[PDB]
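Asker: This one's experimental. Sequence and coordinates below.
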Amino acid sequence: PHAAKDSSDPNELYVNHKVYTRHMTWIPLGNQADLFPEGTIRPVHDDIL
Amino acid sequence: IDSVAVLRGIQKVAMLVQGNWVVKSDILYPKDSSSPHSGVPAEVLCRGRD
Amino acid sequence: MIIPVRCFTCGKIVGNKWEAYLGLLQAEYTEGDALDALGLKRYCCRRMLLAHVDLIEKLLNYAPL
Ligand SMILES: [Zn+2]
């Protein structure tokens, strides 16, 4: 919603235009939330495009 | 061709950088033109080249 | 089309090292020293990054949007 008039680079024009693997969110099933502390279950590299 | 006339002509289409002459941005990019790579208006290209 | 996630031969994660690689090319780095700085020792990952063509943005230029 807020960008420069030109904004040639896609970074300024767009948001979430690169789906990095950090967007993956773990959805616990059953009691997996209690067994695994938060942040343990996640993609390893966090930066894969 | 006399040097004064050439200097007058080049002062209208070029600028002096480090003793050399570089064509003006608007000459390369007409007002109706756009970037072949991004499609941005020629005014932004002129500002960037300036 | 897009950078593969894994190296074909060895299997090292190479997908996350693409955009940073471009940064090293946006900087003054050459190809070889940028690949060395990224940590690609064996030549297979160097072939993966060096020979990859980024067609995803050119295709996105033709996306509906
Ligand atoms: Zn490899």
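Answerer: Nice, thanks for sending it over. Numbers count the residues shown, from 1 in each chain, chains lettered A, B, ... in the order given.
Asker: which residue packs closest to the residue sitting nearest the centre point of chain A, ignoring adjacent ones?
Answerer: To find the centre residue of chain A, average its C-alpha atoms and take the closest one (Cα atoms, centre = their mean): that gives residue A:23, at 2.1 Å. On the basis of Cβ to Cβ, 6 or more residues apart in numbering or on different chains, the spatially nearest residue to residue A:23 that is not a chain neighbour turns out to be residue A:16, at 7.8 Å. Any C-beta I mention is one placed from the backbone N, CA and C, and that applies to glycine too.
Asker: show me what contacts residue C:20?
Answerer: By Cβ atoms under 8 Å, 6 or more residues apart in numbering or on different chains, residue C:20 lies in contact with residue C:38.
Asker: and the helix or strand containing it, how far out from the chain's middle?
Answerer: Assigned by DSSP states H and E, residue C:20 belongs to helix C:18-26. Using Cα atoms, centre = their mean, to the nearest Å, we find the averaged C-alpha position of helix C:18-26 to lie 8 Å away from the chain's own average C-alpha position.
Asker: How many residues are close by the residue nearest to residue A:28 when sequence neighbours are not counted?
Answerer: With Cβ to Cβ, 6+ apart as the criterion, residue A:28 has its nearest non-adjacent residue at 7.6 Å, and that residue is residue A:36. Residue neighbour count, defined by other Cβ atoms under 10 Å in any protein chain shown, stands at 12 for residue A:36.
Asker: From chain C, how far off is residue A:36?
Answerer: Distance of residue A:36 to chain C, computed by Cβ to the nearest Cβ, to the nearest Å: 23 Å.
Asker: Likewise for residue A:8?
Answerer: The value you get for residue A:8 to chain C, if Cβ to the nearest Cβ is used, is 12 Å.
Asker: do residue A:25 as well
Answerer: The span separating residue A:25 from chain C equals 18 Å under the rule Cβ to the nearest Cβ.
Asker: gap between that residue and residue A:38?
Answerer: Going from residue A:25 to residue A:38 by Cβ to Cβ, to the nearest Å gives 11 Å.
Asker: before we move on, back to that, now for the residue nearest to residue A:23, which secondary structure element holds it?
Answerer: With the criterion set as DSSP H and E, no secondary-structure element contains residue A:16; it sits in neither a helix nor a strand.
Asker: Can you report how many residues lie near it?
Answerer: 7.
Asker: how about the residues of chain B that lie near chain A?
Answerer: Residues of chain B lying close to chain A by Cβ under 8 Å from any Cβ of the partner chain are B:35, B:38, B:40, B:41, B:44.
Asker: switch to 10 Å and redo it
Answerer: Residues of chain B that fall close to chain A, judged by Cβ under 10 Å from any Cβ of the partner chain: B:35, B:37, B:38, B:39, B:40, B:41, B:43, B:44, B:45, B:47, B:48.
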